[PDB]
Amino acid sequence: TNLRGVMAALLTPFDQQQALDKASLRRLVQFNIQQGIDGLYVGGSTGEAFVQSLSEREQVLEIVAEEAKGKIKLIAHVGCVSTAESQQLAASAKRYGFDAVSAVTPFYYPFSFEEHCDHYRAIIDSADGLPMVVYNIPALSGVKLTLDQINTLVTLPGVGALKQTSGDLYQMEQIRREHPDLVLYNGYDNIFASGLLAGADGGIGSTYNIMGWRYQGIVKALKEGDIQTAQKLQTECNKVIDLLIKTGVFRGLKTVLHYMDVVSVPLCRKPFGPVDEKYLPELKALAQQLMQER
């Protein structure tokens, strides 16, 4: 119930030699707090966790909890393929003072659903009271959950939310219908208004980094019966999303954060390549415009 809301998928700022840029991480953490964000989702896919070591991920959970613990909600994405490695991160989450833990369906190899459940159970054990945020992610990983299976995942003792990273809003409504109390995060930014309409009660997203007030603006708008306002705001979010998909989403976002003075050097880690120099005009212009809106 306290995990309900709009939660930024925190990006990982890197210095010129691809190491963790501490000062930029803190500025980005604070930049997000200033936006009226309800929380931070730290070390997810978005934070480039799958190109960081366990110690590099752990250094972030630390530096972020130090910056923002108590001021806004904090969810530690601890997911790895290896259960054991995930269990270490869950244990470090419980130390640093996070409010919750999360884990992507373990990927790369074919694991049965029953292996998934035992994977989450072991991380719930190592989490030590922290609620778990489960994934329904039939895309990036490559698995295909049904609906009885989803009911089993979300009612595993110790599970307190679902990150529904799917554009299937029939499935969303079904979830909400079965679990009226469930904390239920809309995972895809470019359908957020429709996802809340179908059953979600918040979201986790990467683009919240640069326009989080617009998502909070949509929440308010639908809450107040202002449907034209919700649509107009979502259309503004998608205008930004069209661009970012063209430029590469994480690097496009870091670059917009560079023109906003928050992130010193906009780089993603290799094998991600640079933002194509031809998109710099549009991106600085977007930063300008988003700076004009506050």
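Residue numbers run from 1 along the displayed sequence.
> Tell me which stretch has the larger mean Cα B-factor in this entry, 187-195 or 94-102.
The entry gives the higher C-alpha B-factor average to 94-102.
> Taking only the CA atoms, which stretch has the higher mean B-factor in the record, 166-174 or 115-123?
Between 166-174 and 115-123, it is 115-123.
> Among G202, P138, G79, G205, where is the Cα B factor highest in this entry?
In this record, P138 carries the highest C-alpha B-factor of the candidates.
> Compare the CA B factors listed in the entry for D242, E48, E67, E56 and report the winner.
Of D242, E48, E67, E56, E67 has the highest C-alpha B-factor.
> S264's Cα B-factor: lowest, middle or highest third of the chain?
It belongs to the middle third of the chain when residues are ordered by C-alpha B-factor.
> Of the three thirds of its chain by CA temperature factor, lowest, middle or highest, which one includes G273?
Middle third by C-alpha B-factor.
> Among the modelled residues of its chain, does the C-alpha B-factor of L286 lie in the lowest, middle or highest third?
Middle third.
> Ranked by Cα temperature factor within the chain, is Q88 in the lowest third, the middle third or the highest third?
It belongs to the middle third of the chain when residues are ordered by C-alpha B-factor.
> By the recorded C-alpha temperature factor, relative to the other modelled residues in its chain, which third is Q52 in?
Tercile = lowest for this residue's CA B-factor.
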